[PDB]
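One structure below.
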Amino acid sequence: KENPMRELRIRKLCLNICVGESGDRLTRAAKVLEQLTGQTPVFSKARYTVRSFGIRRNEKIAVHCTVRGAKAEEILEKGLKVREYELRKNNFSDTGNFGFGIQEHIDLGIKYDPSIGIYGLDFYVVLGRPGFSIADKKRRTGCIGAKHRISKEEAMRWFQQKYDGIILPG
Amino acid sequence: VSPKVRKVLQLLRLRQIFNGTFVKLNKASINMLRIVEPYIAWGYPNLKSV
Amino acid sequence: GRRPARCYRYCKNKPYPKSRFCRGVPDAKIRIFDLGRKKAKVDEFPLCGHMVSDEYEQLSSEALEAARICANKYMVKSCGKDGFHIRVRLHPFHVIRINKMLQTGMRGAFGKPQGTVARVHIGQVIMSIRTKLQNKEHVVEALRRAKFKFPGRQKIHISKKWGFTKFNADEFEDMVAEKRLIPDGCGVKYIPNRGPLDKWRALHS
Amino acid sequence: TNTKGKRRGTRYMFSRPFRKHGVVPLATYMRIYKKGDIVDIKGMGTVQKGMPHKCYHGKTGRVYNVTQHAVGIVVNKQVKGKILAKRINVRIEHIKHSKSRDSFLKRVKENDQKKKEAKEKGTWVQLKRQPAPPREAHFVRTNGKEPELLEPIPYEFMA
Amino acid sequence: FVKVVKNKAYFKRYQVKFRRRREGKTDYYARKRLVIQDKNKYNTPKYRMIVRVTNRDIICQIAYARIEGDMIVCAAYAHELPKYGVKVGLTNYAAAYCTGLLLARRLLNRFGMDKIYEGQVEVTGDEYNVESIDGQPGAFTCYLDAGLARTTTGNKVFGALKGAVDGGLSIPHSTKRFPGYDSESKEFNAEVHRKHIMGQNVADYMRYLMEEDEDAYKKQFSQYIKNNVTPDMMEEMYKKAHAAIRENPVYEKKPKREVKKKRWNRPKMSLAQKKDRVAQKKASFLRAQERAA
RNA sequence: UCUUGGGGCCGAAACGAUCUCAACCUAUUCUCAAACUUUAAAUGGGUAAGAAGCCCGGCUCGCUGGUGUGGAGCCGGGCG
RNA sequence: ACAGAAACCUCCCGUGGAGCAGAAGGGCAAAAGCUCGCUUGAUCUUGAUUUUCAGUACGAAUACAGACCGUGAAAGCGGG
RNA sequence: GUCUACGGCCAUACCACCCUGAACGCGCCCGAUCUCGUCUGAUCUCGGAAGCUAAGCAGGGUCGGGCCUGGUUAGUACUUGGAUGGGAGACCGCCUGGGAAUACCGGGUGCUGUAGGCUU
Ligand SMILES: [Mg+2]
Ligand SMILES: [Mg+2]
Ligand SMILES: [Mg+2]
Ligand SMILES: [Mg+2]
Ligand SMILES: [Mg+2]
Ligand SMILES: [Mg+2]
Ligand SMILES: [Mg+2]
Ligand SMILES: [Mg+2]
Ligand SMILES: [Mg+2]
Ligand SMILES: [Mg+2]
């Protein structure tokens, strides 16, 4: 019988919209995430100036927000539904996380408004077990230990049971 | 005569060639005699020598 | 084109490598240090002769290139192009300068790079040849002919080590049988009685 | 010529030993330094304040003043044909109590104890040290074993 | 393939941090400035008041540094508070105040200064500092060692500090980090602080939960119910604890009892045992190989 | 060795197959440093080897201070 | 998702292989780096000391002492 | 036997993986009213006590890497002082003293202070 403290959970869901440029588009994207998550997101600036991409250093080009708790489960369901609960094997990282892309946010049940437009966004799910927070605390930080980590196979296995999803090959 | 040999020969009181003295042997003195090795002939005198 | 090798025979200056302070050094004459059948396994060539320097001097990269050719050509003629493996054991790292005159004279006399040399000690191996045992006489002659490309005095010495390895030939065969030695191409890896016991399982399975 | 730079030539002198960088152990700050103490000066590159000048690295002096962080040290310095008693202000990271006198203070107490004890026993005990004397006569037992004969080995060219 | 970073050379060159740093327990940048005394004060001890709040306890200690290690001069634990009538909430702000008060009275009792420096016997929750009395032994002076805690307003380390200064210890501090300081107006409300010291924020929560959801109330306060601690009596419960702490702060050590020698973990294997184990493993491997063929 | 490339090579063609040579990685191996270094000499540079010491009792302090605590100074005494 | 060698998001390894204005050397990891909040110890003042040295000057630097201050919960730290 | 708080020295203490953890602890853990801080009660702060040693942590293991310490290397390399020594030189030998470092082989794998617990 498995220990109750070894059961997988969603540490957080991280939603990102790299608009690629500053100005009106980025602000509108900041409003799509707020509608979807119900919390104010944060803008991320460009680390470097890249001529090809047309982005300058310290220029806001993307907006993102982290969602935890029961809200993360609710929003994750919307995206996984749009994927028809189908993910590729390569969608899972070797550290036990996974994520997927959404091309239009309107598929997530967000009612379209003329002054916002249509955006895509990234979905990333960080999985975890209880006691993953020892590596995030200030006092007596530690490392969770080999036996407690989440493998790619354990993450894929969790996704199937949790959602009855399909892991396509490749 | 080099400075370190010149000082050690003065402490033995051998300030002139073919001068002689008795020196009672021990770690301190045997290592002084090693510094002045090129400048002295020494050894153990018998009762007749004394 | 260059000064006679008597002008740079002796190790008079501290080592002067090609570095970020000494820039503009021309390439060395010798660029190949191994020729013959380099790929022969450790066991094909048990015999190894050496050319050992009897002097503390500087060997120019031109003399190393010439000797290598002289020793290699003889081995090809007398042992075949695949009966031997030569290894030049000196690399010309010390840079020699020139203060080029036509006139300031000795004002600002620090010289520009002229060439490269190898600094060799007494008893230090200059070049090595490994082949089959029956070619012992052909190794000695090959190295005897190569002594004429060098200044100073050299000694030809037939090593008691097996090939280019560091292990004596009189016990190399047993060490391989007991698996203290594992052929690894031109040489052998040494297996100590240490480390994970899964390594021992691998070797003994 | 050379420069008159203050830290010229201290590339190795002031660097920290191998795998001994980082925090300074706090017992370095808990040592008690009193007036009259003999201390060995050893500059430490980790702390750049109160650094002794290179010439005082490796010298030993006497403490004459103690402030909140530093001490005043009277340390001899030879300049040409004279030796000056120099007063330097050094932070206590760059000094350590000298053991050079502890062997002496150990001997005094042993001397003072023995002198007192021997006196009440009416006996004489040596108090002054002596240089190591020549070894005295002794017997060496063969145990019925002939000494192993040694011979020089033949030359071998191990080239 | 990518280079192994943690190869042999990465370990040859590696320098470990201080053990207490590796453990994540000690901040040596802060410790140096806390424990180190001025050299012209020589052997004068530099006392500090260590406050560590664990998941279930509060440890209050008075220590000074020595070359062999810190010498604890007096300690007071929150697991002692049941002796003084407080059964539950041994990590809340009110408990921290009691633990700090117990630490102060216990020290002053030990030095014989408890009668001289009684502190602020009536808790007002306001700024108060003990001033030395001329002709009497001076007031004991220590500094707060807050460890790695985030010293924002309302941190319980300042609850214990308040309890210690109200007991008669001299600890430099301001009211900026007591609960009741308003960052907006920059004004300290002592009456808010007095509420936390008497645990009314907890009491208000119990009433709030009781009128919101009984099930939540039981989940949140199961042990308060088991011990019959109700919101009305909390303030008196703490006030009694202060009187009792002041009446008798001495600690009677638990009397040690001899026990049967019991070992609860394996000792090291000897060289012979380790060596023989490898021989058995080798024999086992070859034996299996011969059996298969 | 697919984590990338060049040659090939069977194809309807894909990370399918097949090799082959390189880059990469892993253990080895030859040869080096005035402006490299884990190690690390010899010779060398300070300091100490007493009465200006040691050990007792007391006194002054505006310095330090939970403390008659600390530190410094000063006075008297005993030890060759 | 667009997204590619390189945009942004996430997890993991990471002894410094970065950064600290500049030459190099030293030093530095809950910091000396990066980001925020508050600030003007880059202020006023007498002596002592160090470095070059003749034991002169300058310059630079080091311990203090007296004021005023900043910062911090505080120990402290700061007169570039 | 062992832990907690604070430490000293700062790998014999680190790193990797595996096994075992009685009691008390330390934890993971459960919440967000209050104090306090976040895009996010993840962290920080605060209020708790249903569950669990899964993890951290402690002890142990590995012909483990590292580290520590011995042996060998080796009286070798180098070196103080000496000669109207050798040798065309390069350099070398001897005399009088000092005297290393790899590879290779073995052994070890934290000690301990103050205060407070648990362990018939
Ligand atoms: Mg593990
Ligand atoms: Mg020259
Ligand atoms: Mg702090
Ligand atoms: Mg900081
Ligand atoms: Mg001042
Ligand atoms: Mg249990
Ligand atoms: Mg939580
Ligand atoms: Mg377990
Ligand atoms: Mg090992
Ligand atoms: Mg232990």
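Proteins get letters first, then strands, A, B, ... in listed order; numbering begins at 1 in each. The figures that follow rest on heavy atoms only: side chains count, while hydrogens, waters and symmetry mates do not.
Summarising the base pairing, G:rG17 is matched to no nucleotide, lacking a Watson-Crick or G-U wobble pair whose two defining distances lie under 3.5 Å. With both pairing distances under 3.5 Å, G:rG25 is matched to nothing as a Watson-Crick or G-U wobble pair. With a 3.5 Å ceiling on both atom-pair distances, H:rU12 lacks any Watson-Crick or G-U wobble partner. Across all strands shown, nothing is found opposite H:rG37 as a Watson-Crick or G-U wobble partner with both distances under 3.5 Å. Using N1 to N3 plus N6-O4 or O6-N4 for Watson-Crick, or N1-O2 and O6-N3 for G-U wobble, each under 3.5 Å, G:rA31 pairs with nothing. Across all strands shown, H:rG61 is found opposite H:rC17 as a Watson-Crick or G-U wobble partner, with both distances under 3.5 Å. Figure legend. F:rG57 is base-paired to F:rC75; pairs are counted as Watson-Crick or G-U wobble with both atom distances under 3.5 Å. G:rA63 is unpaired under the criterion used here, namely a Watson-Crick or G-U wobble arrangement in which both key atom distances are under 3.5 Å.
Under 4.0 angstrom from either OP1 or OP2 of G:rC64 there lies at least one side-chain N or O belonging to D:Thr67. Not one side-chain nitrogen or oxygen of D:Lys4 sits closer than 4.0 Å to the OP1 or OP2 atom of G:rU51. Remark: D:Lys86 is in phosphate contact with G:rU51, judged by side-chain N or O atoms under 4.0 Å from OP1 or OP2. Remark: E:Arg21 is not in phosphate contact with H:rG8, judged by side-chain N or O atoms under 4.0 Å from OP1 or OP2. Considering only side-chain N and O atoms, E:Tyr28 lies nowhere under 4.0 angstrom from the phosphate OP1 or OP2 of H:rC6. One finds no side-chain N or O of D:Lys49 lying less than 4.0 angstrom from the OP1 or OP2 phosphate oxygen of G:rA63. Within the structure, a side-chain polar atom (N or O) of E:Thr26 is placed less than 4.0 Å from OP1 or OP2 of H:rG7. Side-chain nitrogen and oxygen atoms of C:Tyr190 include at least one within less than 4.0 Å of the OP1 or OP2 phosphate oxygen of H:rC105. OP1 or OP2 of H:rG48 sits under 4.0 Å from a side-chain N or O of E:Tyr224. Residue A:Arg149 places at least one side-chain N or O under 4.0 Å from the OP1 or OP2 atom of H:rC17.
Judged by distance alone, with hydrogens and angles left aside, E:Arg56 brings a side-chain donor or acceptor within reach of the base of H:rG27, the pair sitting under 3.5 Å. A donor-acceptor contact under 3.5 angstrom links the side-chain atoms of C:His91 to the base of F:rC30. Remark: the D:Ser15 side chain and the G:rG26 base include no donor-acceptor N/O pair separated by less than 3.5 Å. If you check distances only, the side chain of B:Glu37 never reaches the base of H:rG81 with a donor-acceptor pair under 3.5 Å. Under 3.5 Å, the side chain of E:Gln61 and the base of H:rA5 form at least one donor-acceptor pair of N or O atoms. One donor-acceptor pair, N or O on each side, does fall under 3.5 Å between the base of H:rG89 and the side chain of C:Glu55. Donor-acceptor pairing under 3.5 Å, judged by distance alone, is absent between the side chain of E:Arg150 and the base of H:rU45. The base of H:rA50 has none of its N or O atoms less than 3.5 Å from a complementary donor or acceptor on the side chain of E:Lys219. Below the 3.5 angstrom threshold, one finds a donor paired with an acceptor across the side chain of D:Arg129 and the base of F:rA49. Judged by atom type and distance alone, E:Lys274 does not reach the base of H:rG108 through any side-chain donor-acceptor pair under 3.5 Å.
Evaluation of A:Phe132 against the base of H:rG56 yields no stacking contact (centre distance < 5.5 Å, interplanar angle < 30° required). Evaluation of E:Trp264 against the base of H:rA22 yields a stacking contact (centre distance < 5.5 Å, interplanar angle < 30°). Applying the 5.5 angstrom centroid cut-off and the 30 degree plane-angle cut-off, the aromatic ring of E:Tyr143 is not stacked upon the base of G:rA74. Stacking between D:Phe104 and F:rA49 is absent: the aromatic ring centre is not both under 5.5 angstrom from the base six-membered ring centre and within 30 degrees in plane angle. Taking a centre distance below 5.5 Å and an interplanar angle below 30 degrees as the stacking criterion, E:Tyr205 stacks against the six-membered base ring of H:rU33.
Rounded to whole Å, the separation between the P atoms of G:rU15 and G:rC8 comes to 25 Å. Using P as the reference atom, G:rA24 and G:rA1 are 45 Å apart when rounded to the nearest Å.
A salt bridge does not link D:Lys99 to D:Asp102: none of the charged nitrogens lies less than 4.0 Å from a carboxylate oxygen. Looking at C:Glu55 and C:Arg153, no side-chain N of the basic residue comes within less than 4.0 Å of a carboxylate O on the acidic one, giving no salt bridge. Here E:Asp204 pairs with E:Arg207 in a salt bridge; the nearest charged N to carboxylate O distance falls below 4.0 Å.
A Watson-Crick or G-U wobble pair links H:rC52 with H:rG27, both defining distances under 3.5 Å. With the cut-off at 3.5 Å for both distances, H:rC28 forms a Watson-Crick or G-U wobble pair with H:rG51. Using the rule of two distances under 3.5 Å, H:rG56 and H:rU72 do not count as a Watson-Crick or G-U wobble pair.
Residue D:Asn89 has its side chain nearest to G:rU62 when only G:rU52, H:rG47, G:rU62 are considered. Listed candidates were F:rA35, G:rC13, H:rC91. Nearest to the side chain of C:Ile122 is H:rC91. Nearest to the side-chain atoms of E:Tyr208 among the listed nucleotides G:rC2, H:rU33, F:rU64 stands H:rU33. Residue A:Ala46 has its side chain nearest to G:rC8 when only G:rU49, G:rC8, H:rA5 are considered.
Within 4.0 Å (heavy atoms only), E:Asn265 reaches sugar-phosphate atoms of the nucleic acid but no base atom. Residue D:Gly58 is classed as a base contact, given a heavy-atom separation below 4.0 Å to a base. E:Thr54 comes within contact range of the sugar-phosphate backbone alone, with a heavy-atom separation under 4.0 Å but no base atom that close. When heavy atoms are screened at a 4.0 angstrom cut-off, D:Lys6 is found touching base atoms of the nucleic acid. B:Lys4 comes within 4.0 angstrom of the backbone, heavy atoms only, and of no base. Residue contacts for D:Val66: at a heavy-atom cut-off of 4.0 Å it reaches no nucleic acid atom on any strand shown. Within 4.0 Å of E:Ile50, counting heavy atoms only, lie sugar-phosphate atoms of the nucleic acid but no base atom. Residue D:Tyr12 is classed as a sugar-phosphate contact, given heavy-atom separations below 4.0 Å to backbone atoms only. Among the protein residues, A:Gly20 comes within range of the nucleic acid bases, having at least one heavy atom under 4.0 Å from a base atom.
Of the two residues near RNA chain G, D:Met51 and E:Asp27, the one whose nearest nucleotide lies more 5' is E:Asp27.
Here the CD1 atom belonging to A:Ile134 is positioned 7.0 Å from the CD1 atom belonging to A:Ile144, to the nearest 0.5 angstrom.
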Which is it for E:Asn155 and E:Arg177 under the side-chain contact (heavy atoms from CB on, under 4.5 Å) test, yes or no, and what are the steps along the way?
-> CA-CA 7 Å; E:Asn155 195 313; E:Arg177 299 306 181 204; over 6 Å; no
Output a table of nitrogen or oxygen pairs between the protein and nucleotides 11-15 of chain H separated by less than 3.5 Å.
{"residue": "H:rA11", "atom": "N7", "partner": "D:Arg19", "partner atom": "NH1", "Å": "3.2"}
{"residue": "H:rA11", "atom": "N6", "partner": "E:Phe11", "partner atom": "O", "Å": "2.9"}
{"residue": "H:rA11", "atom": "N6", "partner": "E:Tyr14", "partner atom": "O", "Å": "2.7"}
{"residue": "H:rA13", "atom": "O2'", "partner": "E:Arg22", "partner atom": "NH1", "Å": "3.3"}
{"residue": "H:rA13", "atom": "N3", "partner": "E:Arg22", "partner atom": "NH2", "Å": "2.9"}
{"residue": "H:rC15", "atom": "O3'", "partner": "E:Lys6", "partner atom": "NZ", "Å": "3.4"}

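For the pair E:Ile67 CD1 and H:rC10 P, the computed distance is 13 Å after rounding to whole Å.
Considering E:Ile36, E:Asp70, E:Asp145 as possible partners of E:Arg31, the one that fulfils the side chain to side chain contact (heavy atoms under 4.5 Å, CB included) test is E:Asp70.
Of the two grooves, E:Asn55 contacts the major one, by the criterion of a side-chain heavy atom less than 5.0 Å from a groove atom.
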